[PDB]
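Chemist: Provided hereafter are the protein sequence and its experimental coordinates.
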Amino acid sequence: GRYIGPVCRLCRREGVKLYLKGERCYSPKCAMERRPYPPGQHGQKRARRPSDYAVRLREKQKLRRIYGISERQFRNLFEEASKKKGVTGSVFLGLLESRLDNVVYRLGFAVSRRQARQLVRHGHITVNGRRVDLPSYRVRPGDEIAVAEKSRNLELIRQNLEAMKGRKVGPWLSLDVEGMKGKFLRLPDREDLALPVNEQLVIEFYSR
Amino acid sequence: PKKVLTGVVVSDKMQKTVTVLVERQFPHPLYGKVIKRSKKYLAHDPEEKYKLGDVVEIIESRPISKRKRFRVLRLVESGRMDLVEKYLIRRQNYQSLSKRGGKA
Amino acid sequence: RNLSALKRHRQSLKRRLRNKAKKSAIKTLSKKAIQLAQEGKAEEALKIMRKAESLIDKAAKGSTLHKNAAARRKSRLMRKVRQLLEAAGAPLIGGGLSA
Amino acid sequence: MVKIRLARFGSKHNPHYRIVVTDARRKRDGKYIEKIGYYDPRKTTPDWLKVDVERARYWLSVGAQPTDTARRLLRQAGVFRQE
RNA sequence: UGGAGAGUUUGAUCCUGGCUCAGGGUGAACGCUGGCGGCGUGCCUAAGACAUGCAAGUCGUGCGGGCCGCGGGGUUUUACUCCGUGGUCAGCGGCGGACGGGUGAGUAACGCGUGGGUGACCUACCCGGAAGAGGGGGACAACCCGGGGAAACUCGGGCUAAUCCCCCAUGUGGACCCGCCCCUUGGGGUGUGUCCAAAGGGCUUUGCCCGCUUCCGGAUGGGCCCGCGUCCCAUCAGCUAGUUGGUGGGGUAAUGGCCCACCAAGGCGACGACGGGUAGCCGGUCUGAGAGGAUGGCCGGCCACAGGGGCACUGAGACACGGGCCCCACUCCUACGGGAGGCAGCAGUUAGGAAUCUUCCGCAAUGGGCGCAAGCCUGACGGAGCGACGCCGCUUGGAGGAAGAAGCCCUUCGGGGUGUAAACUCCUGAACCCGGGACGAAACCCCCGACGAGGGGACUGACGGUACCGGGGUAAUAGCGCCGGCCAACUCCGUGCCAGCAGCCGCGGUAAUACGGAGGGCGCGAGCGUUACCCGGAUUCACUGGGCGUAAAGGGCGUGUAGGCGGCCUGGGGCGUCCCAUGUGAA
Ligand SMILES: [Mg+2]
Ligand SMILES: [Mg+2]
Ligand SMILES: [Mg+2]
Ligand SMILES: [Mg+2]
Ligand SMILES: [Mg+2]
Ligand SMILES: [Mg+2]
Ligand SMILES: [Mg+2]
Ligand SMILES: [Mg+2]
Ligand SMILES: [Mg+2]
Ligand SMILES: [Mg+2]
Ligand SMILES: [Mg+2]
Ligand SMILES: [Mg+2]
Ligand SMILES: [Mg+2]
Ligand SMILES: [Mg+2]
Ligand SMILES: [Mg+2]
Ligand SMILES: [Mg+2]
Ligand SMILES: [Mg+2]
Ligand SMILES: [Mg+2]
Ligand SMILES: [Mg+2]
Ligand SMILES: [Mg+2]
Ligand SMILES: [Mg+2]
Ligand SMILES: [Mg+2]
Ligand SMILES: [Mg+2]
Ligand SMILES: [Mg+2]
Ligand SMILES: [Mg+2]
Ligand SMILES: [Mg+2]
Ligand SMILES: [Mg+2]
Ligand SMILES: [Mg+2]
Ligand SMILES: [Mg+2]
Ligand SMILES: [Mg+2]
Ligand SMILES: [Mg+2]
Ligand SMILES: [Mg+2]
Ligand SMILES: [Mg+2]
Ligand SMILES: [Mg+2]
Ligand SMILES: [Mg+2]
Ligand SMILES: [Mg+2]
Ligand SMILES: [Mg+2]
Ligand SMILES: [Mg+2]
Ligand SMILES: [Mg+2]
Ligand SMILES: [Mg+2]
Ligand SMILES: [Mg+2]
Ligand SMILES: [Mg+2]
Ligand SMILES: [Mg+2]
Ligand SMILES: [Mg+2]
Ligand SMILES: [Mg+2]
Ligand SMILES: [Mg+2]
């Protein structure tokens, strides 16, 4: 699964500006401009008061789609976030952000996270040493995350990483640019994230 | 430890044996009220000392016969017809309750 | 067919007879002792009782009886033999019983 | 007869034996009498063999015959002061 | 670290109340669809019947042989006979076949669970301690003749060995009766009397290894007894002659009415006896905020059964799944007299069914039986095979328009959608192709040392050239259900209470977002739907946590038995209740 289809149609079904096209987005075309109305032949009509249910579903879909993962796999994390100690709301995001495919997008190795899960599947990424071809691998703090030695000098790599020079990352990541590495420092806070979602809703949706 | 129950000799009508009624006072599983159940024990009485109406401690013992598995440890209090009467009348009412109310 | 652990079976039958005979001795030999005890034959009664206790402990040794089986069979013997010679007799032979 | 053997506890292609005293009649992986250590043939940890050496000499002192391939684990973890 | 509600009785309302929906679960099946691995899992029916193959043996270091050999002897030579060593076959004898593997039929029961009892007992092999083996005799198979039977097999006669059987002797010690003792259920002593021990093999042979005998402990395994717990029906209220108890005897390892002869007349029941229905119990499992409800499938413990019914033998242990006997019901052989079988062992076949797998590999690892060992046996087990049956991880990178003779839509060809969404801009490179290649395996054994002492560079891999690792490299499967409210998702055409849909309310009668297409949209994705069942919502059996003036519900009224319940004060007791310590609550 992992969707794999017209990405930018859902960029506007959900509503807010989504960044799954990578840097294809900043050039006025993550579908955002021109037509900010939902896909289909009914995109331009005034909708009605959505049931309190809808706005949960709609808010939860944003979160699932922004990290682009299976619902089957998405729900499995929410269970182990309520089961875990501490605030169930933010724990969840700490785990989404902890997924390796995302830690590669976050560390600006690939312009898109969607385009970055394929980067991992093809074993271009190491963790503390050994290769890892698993977008599901949960990075723990202290894990230095680097680019493959043999596979180092490549097309999208050389380009993407050079444009990352002169850029900083989240306070929970350090990065070495001229040696492509950088540890995973800390599980990010709710404040440390700029996510256009109200997770409290997303809990409410599953706590139905 | 061989268990030790205490109760009332409600029957002497046997050769070297006495029936001892033993009550147990326990709280109810779901409903919590305290309830009173009981059962009769056949106790081994050698020199047929313990007579009817007496209150004895019985003790778990090597088998003497079918279901007769207790020996009378020691006497506690002497006689008390009342305790037996409570038991006697319980069996009296049974004469009703049948297919009808006969002339008995 | 033919599992040659049926050798085991025919071997049992050989054994079955040995016990069956061994204790069929005790039966008709014990019976004799208490018979002579009920007439107060005393000397005969113990001369027979003595060899009957022996024949029991013997049968115990192997497999026929073993254990308390031989013991109580021995006890149920002497107990009865004595209580028959004590009905006017006096163990004046002094064979296999304590003074 | 009471023995000291290895009971299997890993998974498919992952042997994890567990060192137990048990009656020999009883099945391999059933209600054993007492566990006194573990074995890991793949040596995947720094401690791939452990055994309560005190208890071992108890059960030995009352005739627990150990398997030839479990004996070698005890000689190994110094259950006998051999030299 | 834990609790959501909605639709539906009305012209409208508030109650009451049922029905349905949203959640979680599955050893599932059915439809459409189907790429990859890993790990689990897989007759719920017929405990119906079963072809074929394999599934429990082993020991020549217990004993004597038979058959096919080969060699060395005694004789001048042959005949006759003596000794040694190969291969093979069964017999005698020891240990094991009572474990392991299978099932859920039966059982409402001390069967199971939990906690105790055993002065009421047993325990092969294993461990520790004390002591002992001297002398005689016997038999039955194998074999050797002979007879019966179609067969399965069976009968008579003769010989022989042993760690097979038996009589004497030794009595450390043990058992028995009877006593002077201490204990107190049959627990320990102690005296006189009687009674009972043994086996021999092996070598590098007079001193080592494996055995043998009696006894005391330990450990392990087990029998029996008791308290408590354990489904529904009262339209099942009375039940019971071994029935209940006693003295005595039988029997057992041991208690007991377990069994027998006599004597007494008891025992049980509304706190549910007796009868009937259903079911293997538990650890656990699903659900639930919890209290509770449902369940007992994999795995582990216990129990019961091995075509149905009954029975003993052997043994430390069996009422004995692959042992014996008898009856019955089947299926075979049958020379009609008779005989032969028992997959609920692993596969496998047929039947029934909506539905449930290979007649595969291996002794390498683990475990078990026997053996001094070498080794053997092991469908226990370790792997593989089939099935989206389950769980988890993973791929189908994605930057380019629109020509209906009955399927590219949107107002009678009209206004925009599909949608950045490619049959072709870059980039990485599942499949696939070359090469390396496992861990799992070190013991048993032989060497040095006190034939357990760091020496085994003895030998050992079914899985499997598999996994993993490195090099080469191709844009490379997407379905399914939904879109009237509950319930996320709306438009056109066809159809006119027809064809149909439908979980509940309901939609269709010519302008249908509800039927059937189409375009578009939502959900989920190697899966998606349907059916079936469990808990949930359901405070709808209300212990937490409901009710009865009119909604369902106060007995027509009384008298009173059992039971439930009980004013004020003081004192003893400590059953309920509370607290501390502790043993148990395996995995
Ligand atoms: Mg044999
Ligand atoms: Mg009405
Ligand atoms: Mg209406
Ligand atoms: Mg209304
Ligand atoms: Mg079945
Ligand atoms: Mg030979
Ligand atoms: Mg042989
Ligand atoms: Mg019944
Ligand atoms: Mg019990
Ligand atoms: Mg003969
Ligand atoms: Mg002998
Ligand atoms: Mg002698
Ligand atoms: Mg049943
Ligand atoms: Mg059958
Ligand atoms: Mg039978
Ligand atoms: Mg035996
Ligand atoms: Mg016997
Ligand atoms: Mg049986
Ligand atoms: Mg058998
Ligand atoms: Mg069989
Ligand atoms: Mg089978
Ligand atoms: Mg059929
Ligand atoms: Mg299979
Ligand atoms: Mg083995
Ligand atoms: Mg297997
Ligand atoms: Mg190795
Ligand atoms: Mg070997
Ligand atoms: Mg060594
Ligand atoms: Mg809606
Ligand atoms: Mg429909
Ligand atoms: Mg129309
Ligand atoms: Mg429609
Ligand atoms: Mg509809
Ligand atoms: Mg999946
Ligand atoms: Mg309820
Ligand atoms: Mg509830
Ligand atoms: Mg209430
Ligand atoms: Mg109500
Ligand atoms: Mg009315
Ligand atoms: Mg009314
Ligand atoms: Mg009234
Ligand atoms: Mg009162
Ligand atoms: Mg009061
Ligand atoms: Mg108290
Ligand atoms: Mg406790
Ligand atoms: Mg536990």
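Modeler: Everything's here; your move. Residues are numbered from 1 along each chain as shown, chains lettered A, B, ... in the order given. Ligands and ions are numbered 1, 2, ... in the order given.
Chemist: residue contacts, residue A:74?
Modeler: Listed by C-beta atoms under 8 Å, 6 or more residues apart in numbering or on different chains, the contact partners of residue A:74 are A:64, A:67. C-beta here means a position set from N, CA and C on the backbone, and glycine is covered the same way.
Chemist: and what of residue A:35?
Modeler: Taking C-beta under 8 Å, 6+ apart as the test, what residue A:35 contacts is A:12, A:43.
Chemist: tell me how far it lies from RNA strand E.
Modeler: 6 Å (C-beta to the nearest atom of the strand, to the nearest Å).
Chemist: part of a helix, is that residue?
Modeler: No - using DSSP: H, G, I helix; E, B strand; the rest coil, the assignment for residue A:35 is coil, not a helix.
Chemist: let's verify the most centrally placed residue in chain B: helix, strand, or coil?
Modeler: Most central in chain B under C-alpha atoms, centre = their mean is residue B:21, positioned 1.4 Å from the mean C-alpha point. Counting by three-state DSSP, the backbone at residue B:21 sits in strand.
Chemist: bridging residues for it?
Modeler: Bridge pairing for residue B:21 (DSSP bridges) gives the partners residue B:8, residue B:40.
Chemist: beta partners of residue D:51?
Modeler: residue D:37.
Chemist: that one: neighbour count?
Modeler: Burial of residue D:51 is recorded as 20 neighbouring residues (other C-beta atoms under 10 Å in any protein chain shown).
Chemist: tell me the contacts of it?
Modeler: Applying C-beta under 8 Å, 6+ apart, the residues near residue D:51 are D:19, D:36, D:37, D:38, D:73, D:74, D:77, D:79.
Chemist: for residue 87, the count of nearby residues, please.
Modeler: Using chain A. The number of residues near residue A:87, taken as other C-beta under 10 Å, comes to 14.
Chemist: my bad, chain C
Modeler: There are 9 residues near residue C:87, going by other C-beta under 10 Å.
Chemist: which residues in chain D form helices?
Modeler: Using DSSP state H, the helices of chain D run over D:53-61, D:68-76.
Chemist: list the buried residues of the last one.
Modeler: What it means is helix D:68-76. D:70, D:73, D:74 (16 or more other C-beta atoms under 10 Å in any protein chain shown).
Chemist: now residue B:72: phi and psi?
Modeler: phi -80, psi 110 (degrees, to the nearest 10).
Chemist: what separates it from RNA strand E, distance-wise?
Modeler: With C-beta to the nearest atom of the strand as the criterion, residue B:72 and RNA strand E are 12 Å apart.
Chemist: residues contacting that residue?
Modeler: B:18, B:20, B:43, B:44, B:45, B:49, B:50, B:56, B:57, B:58, B:59.
Chemist: just the ones of these in strands?
Modeler: Counting by DSSP state E, the part of those found in strands is B:18, B:20, B:43, B:44, B:56, B:57, B:58, B:59.
Chemist: those: which ones sit near RNA strand E?
Modeler: Among the ones in strands among the contacts of residue B:72, the residues within reach of RNA strand E (C-beta under 7 Å from any atom of the strand) are residue B:44.
Chemist: can I get the ones in strands among the contacts of residue B:72 in JSON lines including neighbour count?
Modeler: Listed next are the ones in strands among the contacts of residue B:72 as JSON lines, based on neighbours: other C-beta atoms under 10 Å in any protein chain shown:
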{"residue": "B:18", "neighbour count": "25"}
{"residue": "B:20", "neighbour count": "26"}
{"residue": "B:43", "neighbour count": "27"}
{"residue": "B:44", "neighbour count": "19"}
{"residue": "B:56", "neighbour count": "24"}
{"residue": "B:57", "neighbour count": "16"}
{"residue": "B:58", "neighbour count": "25"}
{"residue": "B:59", "neighbour count": "18"}
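Chemist: would you reformat the ones in strands among the contacts of residue B:72 as TSV and include distance to residue B:6?
Modeler: Shown next, in TSV, are those (distance: C-beta to C-beta, whole Å):
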residue	distance to residue B:6
B:18	14
B:20	9
B:43	11
B:44	16
B:56	7
B:57	5
B:58	8
B:59	10
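Chemist: tell me the SS of the residue nearest to residue A:178 when sequence neighbours are not counted?
Modeler: Take residue A:178 and drop its neighbours on the chain: the residue closest to it by C-beta to C-beta, 6 or more residues apart in numbering or on different chains is residue A:165, 7.7 Å away. Following three-state DSSP, residue A:165 is assigned to coil.
Chemist: is it true that residue A:165 touches residue A:179?
Modeler: No - Residue A:165 lies out of contact with residue A:179 (C-beta atoms under 8 Å); the separation is 11.8 Å.
Chemist: of all the helices of chain D, which one comes closest to RNA strand E?
Modeler: helix D:68-76 (3.1 Å; C-beta to the nearest atom of the strand).
Chemist: what about the residue nearest to residue A:178, distance to residue B:15?
Modeler: Remark: distance between residue A:165 and residue B:15 (C-beta to C-beta, to the nearest Å) = 109 Å.
Chemist: picking up where we left off before, and the gap between the residue nearest to residue A:178 and residue A:158?
Modeler: For residue A:165, the distance to residue A:158 - C-beta to C-beta - is 12 Å.
Chemist: swap in residue C:54?
Modeler: Residue C:54 is 108 Å from residue A:158, by C-beta to C-beta.
Chemist: ditto for residue B:101
Modeler: 107 Å.
Chemist: middle-most residue in the chain, spatially?
Modeler: All of this refers to chain A. residue A:67 (3.5 Å).
Chemist: um, chain C though
Modeler: Note: chain C centre (C-alpha atoms, centre = their mean) maps to residue C:26, 3.6 Å.
Chemist: please enumerate residues in contact with stretch B:84-100?
Modeler: By C-beta under 8 Å, 6+ apart, stretch B:84-100 touches B:8, B:10, B:21, B:52, B:53, B:102, B:104.
Chemist: verify the stated contact: residue D:16 with residue D:40.
Modeler: Yes - if you go by C-beta under 8 Å, residue D:16 and residue D:40 touch, sitting 5.9 Å apart.
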